[PDB]
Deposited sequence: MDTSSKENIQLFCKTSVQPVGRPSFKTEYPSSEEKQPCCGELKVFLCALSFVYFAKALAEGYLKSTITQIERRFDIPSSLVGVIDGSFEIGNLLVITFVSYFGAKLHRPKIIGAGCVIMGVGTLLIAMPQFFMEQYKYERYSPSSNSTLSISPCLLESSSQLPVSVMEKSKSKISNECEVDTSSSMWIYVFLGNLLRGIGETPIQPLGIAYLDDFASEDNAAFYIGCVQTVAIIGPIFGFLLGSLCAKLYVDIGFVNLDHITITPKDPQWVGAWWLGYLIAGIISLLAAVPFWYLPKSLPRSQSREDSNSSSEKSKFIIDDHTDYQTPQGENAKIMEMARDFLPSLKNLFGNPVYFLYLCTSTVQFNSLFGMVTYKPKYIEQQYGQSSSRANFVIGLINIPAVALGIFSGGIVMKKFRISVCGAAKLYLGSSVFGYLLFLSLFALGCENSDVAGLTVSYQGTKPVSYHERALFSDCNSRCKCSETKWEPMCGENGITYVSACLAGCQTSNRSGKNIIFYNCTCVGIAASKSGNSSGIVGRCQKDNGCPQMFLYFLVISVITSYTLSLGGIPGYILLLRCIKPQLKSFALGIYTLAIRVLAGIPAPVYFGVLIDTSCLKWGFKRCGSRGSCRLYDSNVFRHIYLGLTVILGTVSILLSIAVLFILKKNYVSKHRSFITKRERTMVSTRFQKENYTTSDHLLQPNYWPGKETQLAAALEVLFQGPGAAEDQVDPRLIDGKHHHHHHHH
């Protein structure tokens, strides 16, 4: 009936917003390159969405509750689509991309800001509506379906990003027969704008069903303004709601931190390429998370689980997920031998901080750059920071490979390009890591829908959307924003070799200490998870008491 139609429309809106998010994440680097803006303005573009979302989420979730919720959702979709289309606008006004053979970025800012605004009503009003009119058993399953869509959607955004990056930026504007560069060329820019047009159109189409959906299923603003403060105290005077908010905030501090640096952990700890890390996370781990969320919804529906049972399932999923995550401490690889950083040039195992001599006797004759990181794998099994630092004098191109010779440090003499592959059982450790991380992701996500149901049922019904708004504001502000920052700071304390930008400032870290990285990355996650587990126990105790 009308409830099923609303569920389908909300699922399509979730898909549209997720696809836009994925495409934006895939193309932000191309946008930075095309517009010739510094990384600070790139972070500003990425953060305009969040400014827009956080500034109006509370107002929308509170006042929109008594209004026509389907129509507010449709208006939000329209604003989302307009903002998405605004990002592609500068393509139609800037000059042709000239490659070696400026103020239009504000639009990219403004459009993203509109996206942040247009997303705000979708979750608080959409879920509350779903919870108001579905039967008690079916609500959890419907919410699970919607959240599964939200989890899976960005993969399509990244696929569209790749497809549009395969096309030239000035396609349709310029004859392509006069262009001598290929996607492999570093000067190539893809059709970044095309995906924004597609996503904006999809978002505008997503708004259409919400103008035919009813407000309810089987002066006032000034009066809501007066009751705003009493309603806030009602939500935060509620102990189950407040403690579940704290529990979720701490658990998401753990989870955002773990997820953000999981690709880098895979690449650094297990010697995998960035592409392989992204493939295993996006194509294996994310489906496991989606399956966990959906199965939590299924379990809530099938066994008619109550609020107390939902709290128990949330606690159990957290407990067993973090216990499984503990086993990752034993799946560790040792540091690869890097001359001067992890080992000395004589092949002696780990020197200390006070012994990091990028220059040695075997490379004193050569004037090599310290800041440059062009690692090569020598025949001796020791990785060197650069071929110059090994005294390599001749280089020959054999097929797709480049081989150095007469490398004095190696002979204490050939070397190929890249880091030496990790040999002693590290691929097996990485396979175990993959299996355990997939299982852990599924197990942790198995409690996602139960906690959501706990939040929705612990409060008086008329506050649902408002509570959902506040929850969303909390997770974003107290977990989503801060956790990547301080996780990054603590992890970067394990850096052995800093990359340097053209201005002399530090760039991305090139070599980490594997043991310190593993300890920090896993321990911070587990400690936050343990705090969350204790808070969840408190939530369960109060639920039993009341």
According to the entry, C-alpha coordinates are missing for deposited residues 1 to 39, 141 to 183, 301 to 332, 527 to 533, 668 to 746
